[PDB]
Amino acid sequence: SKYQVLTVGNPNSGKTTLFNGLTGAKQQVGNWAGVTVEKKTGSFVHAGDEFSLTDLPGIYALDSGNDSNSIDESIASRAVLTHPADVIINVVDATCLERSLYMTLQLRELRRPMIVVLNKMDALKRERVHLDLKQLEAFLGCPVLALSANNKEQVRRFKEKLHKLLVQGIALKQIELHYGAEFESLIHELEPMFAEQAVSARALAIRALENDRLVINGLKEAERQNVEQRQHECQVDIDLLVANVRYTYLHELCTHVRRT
């Protein structure tokens, strides 16, 4: 079998280190379709199956229609929405969970098969910090694996676990992110227009309320006007509201996960 894998994470997460450890010399560099940004792909074979890897440029969040130039965030937002992938590997710097897991939450809302890879666990153990990984799986609702991407042996072990999870299929558990009665009803008003898409209608409705360019652009003018009218029905700033809700959840998460 041939498996398609996307790797996504913040800059400095060790995403490139894991990618290189998995593919070695079997890598190519090109361009993303329609732009000049570098496209890095690689492959490896394991236990008779082929693994096809596409690396996404490092980003801190998905596209939210922010004038902040960020061609990379558009590319990663597009890929995370429309690029084929049997699994999205979200590489997270475990020494920096509260910030790194912000995009993790956005990815989880898409409901695409994904796993969270906590990288730099050696740095954590140097800080004498323990992460309750079962609690972390409970809060994220997706497989969570911990390693150091500079350790060849742990990377080799990661291949076996990744291969097993792809053969099993990835079991996702609903993520209890509630944005408050008012915004939830706005998501509810908008969800039917994103039914019958390749991604969660709830996710697309949220991203459209966040003004994700990749979502808004595909809409017809009347659908755009329904989205922009919903946006002004929000009594508060949508960007602040979703950030608050996401970071409030991540504060509860770290409490029950992180111990020194």
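Position 1 is the first residue in the sequence shown; the rest follow in order.
Query raised in the report: For the stretches 54-62 and 221-229, which has the higher mean C-alpha B-factor as given in the deposited record?
Result: The entry gives the higher C-alpha B-factor average to 221-229.
**Report entry** 133-141 versus 99-107 - greater average Cα B-factor per the deposited record
**Finding:** Stretch with the higher mean C-alpha B-factor: 133-141.
Query raised in the report: Checking the entry, which one of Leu250, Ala25, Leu18, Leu241 has the top C-alpha B factor?
Result: Result of the comparison over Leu250, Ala25, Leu18, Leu241: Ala25.
Query raised in the report: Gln235's Cα B-factor: lowest, middle or highest third of the chain?
Result: As the PDB entry reports it, the C-alpha B-factor of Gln235 lands in the highest third of its chain.
Query raised in the report: How does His83 rank on Cα B-factor within its chain, lowest, middle or highest third?
Result: Middle third of the chain for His83's C-alpha B-factor.
Query - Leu209 - which third its CA temperature factor falls in, relative to the rest of the chain - result: Within its chain, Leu209 is a middle-third residue by C-alpha B-factor, going by the deposited values.
**Report entry** Third assignment of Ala201 from its chain's C-alpha B-factors
**Finding:** Answer is lowest: the recorded C-alpha B-factor places it there.
Query - Among modelled residues of the same chain, the CA temperature factor third for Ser1 - result: It belongs to the middle third of the chain when residues are ordered by C-alpha B-factor.
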